[PDB]
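**Q**
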Ligand SMILES: [Fe+3]
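Chains as they are written, first to last, in the numbering used here: chain E, 58 to 322; chain Y, -17 to 841.
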């Protein structure tokens, strides 16, 4: 077995500026390539990142044209090759991160796993709390991950519910998986317990309950780690007890149905 | 207002008016500013005539220009500047500036600029929402008063409070002294005698200095431009304006052309007798003559006693000395000018500094030079003059008040001279000097992290695979194996050297590491590494070998590093004074544990014994994380009984203190809980059988690794701060020392009313009892009231200690009572001054640490 995670994972509210100032100017990077989508770029969710990269001396280029398509990935790779960046920042979560990873692969290896750590330094910043794509791939694994609730305060209700259910599903299959070990078991159990407590609060109040949003972000990250490191009746019984080993499955499925009802699925 | 009582009443009414005016919005202030600027601009011509008639000096046209400047440019500069409420707002942080007003201002007006300065000060006071009191010079009083009226009425026609500008009709020394002592802030002007009283009154003040300004002309200069600029600036308002050139230093190379250009355009050069006459005329009885300021060159010459053509503009007298005794080296607000002869640029710089230090210290200075190829001379000039306003190719009178010839310079009168002149501004006085910026702060939290070594391989028999990976993807060629003598003598490194000797890797081993390693062994290992120059480092020992290998790695990649500098205590890991050097260029670090409960294969700590005094110094930084962690049960199935028990209890203490620590997040919480459960579930079986229970041995190693990650990301507490010193003083094993103190630290931390807390932003209130309750619930214990659960946890820990053959107290390990008592006083101080102590939730004191030690010893 193994255990692979990104080099640095930074988690707290308001950690985006400090995670950039204290490292990016320290490493001496001079060029940045932000990759986002139309919606986030238009609403101005990339403003703090460009504002931070403006205070210190880095020139930045934004690519906001991206389910992703391979044609968009090739266009982004061509744009990267023309711009020749050094740091790649992926913002948006989900499709945006996969697209950015593919662009990174094609930009650092135009011949097309090969070793891609020479031309670019990859940073992932999620704006959704369901995918956990910043910690999952093993040569696609990002070099750094920044998790803060400020980027995820104003998510819509349907997206919030879908993201929560996706994180729950990831945690459940990470715990049940045949390759699961103690590390993934502990992470998945923690993620499930945090999901069964704060998802209704995040779906009801939304931005009015920042604690629930931050807990959902952390649970999404833990579930992503568990899924990345881990791709039966006793397992489900232990999960239910943590939250005659036959009725426990029924109670767990009833609780899952109740949670789905609470978020309007 | 010519007596005290009326002045006090005026202050009272001005304070009442300011209290109302301080709450106006942006639009009202904008309208008032616009109306006042309109009135002041429209009344530019009569004011200049009145000022010239009353003061008896100056040129009416230049005063018109000055009034028009003080209205139009002042309005244009701060036309759309925000001075009302929130200015800067950073949502990520919690900072917010409000920019409140200042209060009532006591403004002093000189006699050289009666109306323009009054207009400027009144406008900047109105824009900033402050009241103002004008104290006019006795020579120009009426004119200044009129200026204020021209604004005041306009202000109250836009919505300003009635008594928002006030003035003293008849000024006197006692009245001025009293009015300075009452206003919150003083805005002084008029040079020495008044600025000293402003700065010695008990209230904050903003004064201005004045004096000589030197103009330098060198070989590579535009002669026509320099001469004409000097003439323009000197003749502007007959030199009665401040910052006008008082002396010009011309180099030897272009003296003739400069002199010819000066005499071509209306300048009169003085011979010896006329120079002496002007000397006697200018300074009388060691003071400036009051009948010379603002007068024409012809008038000055007639006062001296000789006649000059009616078209003469400047009187120029060539002199040689720059000392105080030279009357031509002093300030003179008149068209009289002095010219110096210089040999090279350095002589010009020396004369300029000698002339600016004695006179206008901190005020303007000017240079004329070709700033295309003579870049070095410009930098030399810049890095030499104690001058707040250095001008290049610019007339000084119009350059000091800079919006005409240069931009991005604040347009204003009241030229600040900085600390050199006894002032506190060192800049052009704008609106930002009349504001009280107040900041709003919101509670944030420190950024946290999750840092682990990459490529952590977890499987029995996986060492062959992970060591074969070394050649395919990485392809290293040299290997250095750091172990201890015990495992080397018993052949515990045989598989590794067998795997390396299979293929093309040259390997060397170092086995001279004793338990509790010393720094001399670190030097020996670093020297051997330097001699061999390896590409990989492998540590195949449990507790001491990893620390030794890490310190040899540090001393090998950076031989110039110092241990005492590198082993300092800090408060924040990311704010430490000493920054660890990067370690990724020479060697590759691999850790292969053989004792379960150390966790050093995944953590940034390393403890080293000094051997000079005998103190175990722990040092921590994330640059020490190995690049490869290989854990395999095969090399851990032959541990003794006592060693296994010590390792298990040390791992349990690691997990408990990681869970309880202030730096605790969900990651370390889950890891610590899993490690805690798996240690209780499997430790006795591993201790009893050992070789016959492979499952228990694998589970113990897995739990040890989980706990290692847990406290690698969340630092430990005071239990280790005590156990380190206890095991260093009496040669006790680390696990045993941890076992004897955990059940007392648990009681120490679980207090709803602690004497002190751990001063961490996310640690809001004492919550340790609840955390211990969660631990008890997860481990499978029963209780109620959140109190019996902690007691049952303590009982379970005691039973676990009893099961693994660990005694009950310190005294059971043959520790002399007198020796213990004689060194407890010195050991407590060392226990308190430890790196881990700063992370404990309760932050123990000295007496409480001593009491814990006594309770541990006496049971
Ligand atoms: Fe320890």
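Yeah, the Cβ is synthetic: ideal placement off N, Cα and C, and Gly gets one too.
Could you tell me if the beta carbon of residue 632 of chain Y falls within a distance shorter than 7 Å of some heavy atom in ligand 1?
**A** yes
**Q** Is the CB of residue 100 of chain E under 8 Å away from at least one CB in chain Y?
**A** no
**Q** So with Cβ pairs under 8 Å, would you call residue 241 of chain E a contact of chain Y?
**A** no
**Q** Grouping DSSP H, G and I as helix and E and B as strand, with all else coil, what is residue 536 of chain Y?
**A** helix
**Q** Buried or exposed: which applies to residue 73 of chain Y, given that a residue is buried once 16 or more other Cβ atoms fall within 10 Å of its Cβ?
**A** Exposed: under 16 other Cβ atoms inside 10 Å.
**Q** Would you mind sorting residue 315 of chain Y into buried or exposed? The rule is 16 or more other CB atoms within 10 Å of its CB.
**A** buried
**Q** Starting from the beta carbon of residue 556 of chain Y, find every residue of chain E whose beta carbon is closer than 9 Å, and list them in chain order.
**A** 75, 79
**Q** If you check the beta carbons only, do residue 522 of chain Y and residue 463 of chain Y fall under 8 Å apart?
**A** yes
**Q** Measuring alpha carbon to alpha carbon, tell me which residue in E:166, E:284, E:305, E:109 is nearest residue 77 of chain E.
**A** Here the closest residue by C-alpha is E:109.
**Q** Is residue 636 of chain Y near ligand 1, with its Cβ less than 7 Å from a heavy atom?
**A** yes
**Q** Anything in chain Y within Cβ reach of residue 284 of chain E, meaning under 8 Å, just list it in chain order.
**A** Those do not exist, as residue 284 of chain E stays about 15 Å from chain Y at its closest Cβ, beyond 8 Å.
**Q** Might you give, ordered along the chain, the residues of its own chain that have their beta carbon closer than 8 Å to the beta carbon of residue 119 of chain Y, omitting 5 neighbours on each side?
**A** 91, 92, 93, 96, 126, 153, 172
**Q** Taking the alpha-carbon positions, what's the residue 580 of chain Y to residue 504 of chain Y distance?
**A** 20 Å
**Q** So residue 67 of chain E contacts chain Y; which residues on that side make the cut at Cβ distance below 7 Å?
**A** Neighbourhood of residue 67 of chain E in chain Y, by CB distance below 7 Å: 429, 431, in chain order.
**Q** When every heavy atom of ligand 1 is checked, does at least one fall within less than 7 Å of the C-beta of residue 747 of chain Y?
**A** For residue 747 of chain Y, the CB stays at least 7 Å from every heavy atom of ligand 1.
**Q** Let's see if you can read the secondary structure: which residues bound the beta strand (DSSP E) around residue 758 of chain Y?
**A** It is not in any beta strand (DSSP E) - residue 758 of chain Y instead sits in the alpha helix (DSSP H) that spans 750 to 761.
**Q** For residue 173 of chain Y, write down the residues that DSSP places opposite it in a beta bridge.
**A** Beta-bridge partners assigned by DSSP to residue 173 of chain Y: none are found.
**Q** In angstroms with no decimal places, state the Cα-to-Cα distance between residue 177 of chain E and residue 136 of chain E.
**A** 14 Å
**Q** If you count every other CB in all the chains shown that lies within 10 Å of the CB of residue 158 of chain E, and 16 or more means buried, which is it?
**A** Looking at its Cβ environment, which holds 16 or more other Cβ atoms inside 10 Å, residue 158 of chain E is buried.
**Q** I need the DSSP call for residue 482 of chain Y, collapsed to helix, strand or coil.
**A** helix
**Q** Check the C-beta distance from residue 190 of chain Y over to residue 405 of chain Y and give it rounded, since I have them as a contact under 8 Å.
**A** 7 Å
**Q** Chain E beta carbons: is any one of them nearer than 8 Å to that of residue 688 of chain Y?
**A** Yes, residue 688 of chain Y counts as interfacial toward chain E.
**Q** State yes or no: is the C-beta of residue 166 of chain E nearer than 7 Å to some heavy atom of ligand 1?
**A** no
**Q** Could you work out which residues of chain E lie near residue 75 of chain Y, taking near to mean beta carbons separated by less than 9 Å?
**A** 71, 74
**Q** DSSP state of residue 321 of chain Y, grouped into three classes?
**A** strand
**Q** If you draw a straight line from the alpha carbon of residue 128 of chain E to that of residue 237 of chain E, how long is it in whole angstroms?
**A** 36 Å
**Q** Taking only the alpha-carbon atoms, compute the straight-line gap between residue 772 of chain Y and residue 151 of chain E and give it to the nearest angstrom.
**A** 44 Å
**Q** Could you spell out where the alpha helix (DSSP H) holding residue 257 of chain E opens and where it closes?
**A** 239 to 262
**Q** When the Cα atoms are used, what is the spatial distance from residue 191 of chain E to residue 154 of chain E?
**A** 7 Å
**Q** Starting from residue 434 of chain Y, find everything on chain E with Cβ-Cβ shorter than 7 Å and list it in chain order.
**A** 62
**Q** Less than 7 Å between the CB of residue 117 of chain E and some heavy atom of ligand 1, yes or no?
**A** no
**Q** Classify residue 688 of chain Y as buried or exposed, calling it buried when 16 or more other Cβ atoms lie within 10 Å of its own Cβ.
**A** Under this definition residue 688 of chain Y is a buried residue.
**Q** Could you give the DSSP three-state label for residue 125 of chain Y: helix, strand or coil?
**A** helix
**Q** So, is the C-beta of residue 647 of chain Y closer than 8 Å to a C-beta in chain E?
**A** yes
**Q** Label residue 277 of chain Y either buried or exposed according to how many other C-beta atoms from any shown protein chain fall within 10 Å of its C-beta, with 16 as the threshold for buried.
**A** Its Cβ being crowded by 16 or more others within 10 Å, residue 277 of chain Y is buried.
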